[PDB]
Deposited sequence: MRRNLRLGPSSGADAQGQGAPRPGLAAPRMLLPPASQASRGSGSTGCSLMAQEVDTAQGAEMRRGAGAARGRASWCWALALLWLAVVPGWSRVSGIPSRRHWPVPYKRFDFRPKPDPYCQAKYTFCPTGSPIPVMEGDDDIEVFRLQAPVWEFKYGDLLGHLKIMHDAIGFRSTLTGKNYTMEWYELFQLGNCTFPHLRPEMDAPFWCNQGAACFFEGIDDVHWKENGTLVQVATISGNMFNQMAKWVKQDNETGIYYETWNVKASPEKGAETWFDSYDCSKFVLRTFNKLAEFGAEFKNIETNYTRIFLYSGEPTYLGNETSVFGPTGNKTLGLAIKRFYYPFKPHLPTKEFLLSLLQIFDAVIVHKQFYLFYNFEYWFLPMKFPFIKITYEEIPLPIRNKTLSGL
């Protein structure tokens, strides 16, 4: 009882992070506000990729202007890093597991060439007007305030072509693709370069909707299933014992519990279970 992929749910505003969520490394340490370009400016648009399952890459977009002279980096990643966006914390004063899963956009001056050219990619893909850029900027702000949480897993029926997709992730690469589609809306024209992205895939049958955080944990909810989800999540955080628990839940018993849109789903795992691909997603036309 649904359409093929569950759509990503947006919000009217971005809440402040709970004080329980603290980062070891600060999010967007050099982030400057997005400047306003001159309309007739020429802004080179660069593809940026670097390593974070041998090929797990981080994506970002570069901008260089001819009038400003300076260049800039733009990315979208986790406020408290990947693990906190993928698995929750269990606190004893709460029936429900707590997440620090917020991701957001980061924009700052300068492009660190060595960071991307060493073990990654740095290639110009477009040239847009300042006007376009400014318009793009506006969209980013809206996006930054409506798409507030980071999601790791792409959930698909099988590695085959044409296989049904249950869930799309919402990470850095998806942000880059959103920006490029938006630029395409303005009429921007991309070079024809092979652009491959990292995608972390879970393979399962049709998911089942288990419920929101109050429909599962708390007084008006199932107890056995809540303790089941808790027992599923506990090994993913503080070793060998946890590895065996994870292998038994995911491989032997073919079970996954997916947090998506702040709701809980069940994934009947299958096939190669967890694959990390580096596949082509073409630039928009």
If a residue lacks a C-alpha atom here, it counts as unmodelled; so which stretches of the deposited sequence fall into that category? 1-98, 151-160, 347-352, 400-407
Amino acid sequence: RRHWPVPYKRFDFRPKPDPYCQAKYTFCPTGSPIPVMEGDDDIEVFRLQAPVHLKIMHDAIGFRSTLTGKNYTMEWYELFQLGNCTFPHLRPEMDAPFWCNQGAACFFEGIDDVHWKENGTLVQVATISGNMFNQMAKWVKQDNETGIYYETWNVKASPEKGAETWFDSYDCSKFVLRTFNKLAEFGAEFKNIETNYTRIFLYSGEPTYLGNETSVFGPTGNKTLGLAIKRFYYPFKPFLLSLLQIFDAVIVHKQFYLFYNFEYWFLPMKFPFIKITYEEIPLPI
From here on, numbers count along this sequence of modelled residues.
Name the higher of the two by mean Cα B-factor in the PDB entry, 34-42 versus 212-220. 212-220
Do the CA atoms of 66-74 or those of 221-229 have the higher mean B-factor in the entry? 221-229
Peak C-alpha temperature factor (PDB record), options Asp171, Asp168, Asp143, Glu194: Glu194
Identify, among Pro97, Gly110, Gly147, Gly187, the residue whose C-alpha carries the highest B-factor in the deposited PDB entry. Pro97
Assigned third (lowest, middle, highest) for the C-alpha B factor of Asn134: lowest
Would you mind ranking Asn119 by its C-alpha B-factor against the rest of the chain and naming the third, lowest, middle or highest? highest
Taking the entry's C-alpha B-factors for this chain, is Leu79 in the lowest, middle or highest third? lowest
Among the modelled residues of its chain, does the C-alpha B-factor of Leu202 lie in the lowest, middle or highest third? lowest
State the tercile, meaning the lowest, middle or highest third, of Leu244 with respect to the CA B-factors recorded for its chain. middle
